[PDB]
């Protein structure tokens, strides 16, 4: 399956299918929304809010990162 791989401090947190609408609360500091086959950072407690402003991802290799919270979201097949 094609999913959004989430790593926190370099450790794989989980892999979430893009084909299923879901909301992932990543260790209280980030919230990922999977909707219509795309992953987007819906909310974050980081000061810069850069992760929240990155465009939704759906293609293999694409990523969303929250550097202050060491969160990496990546699309893997």
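Numbering follows the first chain given and starts at 1.
Chemist: For residue 76, does the deposited CA B-factor place it in the lowest, middle or highest third of the chain?
Modeler: Highest third of the chain for residue 76's C-alpha B-factor.
Chemist: Could you say whether, by C-alpha temperature factor, residue 7 belongs to the lowest, middle or highest third of its chain?
Modeler: As the PDB entry reports it, the C-alpha B-factor of residue 7 lands in the lowest third of its chain.
Chemist: Using the B-factor values recorded in the entry, state whether the Cα atom of residue 17 falls in the lowest, middle or highest third among the modelled residues of its chain.
Modeler: It falls in the bottom third of the chain.
Chemist: Residue 63: which third of its chain by C-alpha temperature factor?
Modeler: It belongs to the lowest third of the chain when residues are ordered by C-alpha B-factor.
Chemist: Looking at the temperature factor on the CA atom of residue 32, which third of the chain's modelled residues does it land in?
Modeler: Its C-alpha B-factor belongs to the lowest third of this chain's values.
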